[PDB]
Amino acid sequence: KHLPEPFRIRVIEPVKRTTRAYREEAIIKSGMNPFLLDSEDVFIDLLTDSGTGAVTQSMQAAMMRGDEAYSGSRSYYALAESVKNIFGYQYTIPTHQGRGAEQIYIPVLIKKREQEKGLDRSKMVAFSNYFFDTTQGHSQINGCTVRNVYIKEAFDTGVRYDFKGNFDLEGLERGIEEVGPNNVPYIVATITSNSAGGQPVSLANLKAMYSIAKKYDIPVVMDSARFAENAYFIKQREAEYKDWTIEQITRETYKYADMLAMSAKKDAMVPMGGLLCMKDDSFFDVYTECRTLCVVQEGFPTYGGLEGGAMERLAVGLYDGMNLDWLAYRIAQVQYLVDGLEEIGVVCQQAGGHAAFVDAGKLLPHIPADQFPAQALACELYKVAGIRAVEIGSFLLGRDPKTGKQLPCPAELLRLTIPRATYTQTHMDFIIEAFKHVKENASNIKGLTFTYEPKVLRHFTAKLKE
């Protein structure tokens, strides 16, 4: 059952509606890419949960007392203190958002292994249970190839597994041995594997992975956008921690990484914000190296592109986002949507933490991956009810930066991303109802093809036809 909101709605933002005819015109005008649609032409925007959710009174209140100092802001220290208490990390660098931190640590870490272990940029490879679109982008832009070492169950939308976000431990080890440990600049642990469908990573898996990393002295970066939801799943599924608090599980979790890069725009519940933090003194050097690069890419390292109030707000969000009643509610809503879709015959990845992932591949078997079936489905859904979603399949995966050919994709998923505390059960029902029509028209949905394709992170602004 969809749990009742453990909160009262305090502030609302009105939204309008549109006609089918209008959407038809609009979706064409947008080159068949929802990313290019106007906000006001969307009734229920499930494009992403990043910076689109609601905030709590405490957070809005925090936003009112920021120290806008350019250097040494007390708001910075407030944020730093929250990081020290929650993750146990001593060094903090705020960034405006996720890719803000990535564009800093990646270059820094690469140069490090180069200068220390003779890493060869022409043969370097980074690993992750699964890289973010932007993490992969910045890695490749820095001449580093990536390899996602996910488990066999990860993308089997027909089978259930407790931690589909887990690292393929053997795979990771053989991968490192092959590539050569000196050529692996870092390993990124994505807490709640986004591409796997917001699937959790067990604490045991993290310990094992970190153990392998320690062995080859490879820096481990914990991508923490949805650390809270991951902590929740660990608490519900990993026996050892059934009776631990989200805070305790989080603290434990972060003992298995050397630093964290986070897009606070998710679980921390803020409309803007990111973090780049190092656990301890052993990484003091990368810390000061990141402060140097931060000045260039984001701003002085005591605000790094965030206004004072934004840091006070984040200092609070990191806590509010860990509330157990909240997490149970949020995740239960997603479960509700997934079960609703599954009951009308729309197969999905098992319910994850932030969104329902519809298996476009299974729903539209006639359109080849090369033709982006999940993107076609997205346009169909929008047409139908004014709901906007994103594809997590071949369109997003991109082409091989070396071959120039379309990368093979493990699954063509349509992601119905649910912004935190933004929509109600009625909206969920509305979405499910919409899919009844989408399904009833599956067989007639046409594949898509480029008319304009950017060279980097193409899915955000590309346009397609047919």
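Just count from 1 along the sequence shown to find any residue number.
**Student:** Name the higher of the two by mean Cα B-factor in the PDB entry, 50-58 versus 405-413.
**Tutor:** Of 405-413 and 50-58, the stretch with the higher C-alpha B-factor average is 405-413.
**Student:** Mean C-alpha B-factor higher for 21-29, or for 8-16?
**Tutor:** Taking the mean B-factor of the alpha carbons in each, 21-29 is higher.
**Student:** Pick out which of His427, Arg420, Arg65, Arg399 has the highest C-alpha B-factor in the PDB entry.
**Tutor:** Highest C-alpha B-factor among the listed options: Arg399.
**Student:** Would you mind checking which of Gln136, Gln335, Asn85, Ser224 has the top Cα temperature factor in the PDB entry?
**Tutor:** Highest C-alpha B-factor among the listed residues goes to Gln136.
**Student:** Taking the chain's C-alpha temperature factors as the reference, tell me which third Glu440 falls into: lowest, middle or highest.
**Tutor:** Tercile = highest for this residue's CA B-factor.
**Student:** Grab the CA temperature factor for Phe357 from the record and place it in the lowest, middle or highest third of its chain.
**Tutor:** Middle third.
**Student:** So where's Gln297 on the chain's Cα temperature factor ranking, which third?
**Tutor:** Middle third - that is where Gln297 ends up once the chain's C-alpha B-factors are sorted.
**Student:** Going by the entry, which third of its chain does the Cα temperature factor of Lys265 land in?
**Tutor:** It falls in the bottom third of the chain.
**Student:** Just say lowest, middle or highest third for the CA B-factor of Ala369 relative to the other modelled residues in its chain.
**Tutor:** Answer is highest: the recorded C-alpha B-factor places it there.
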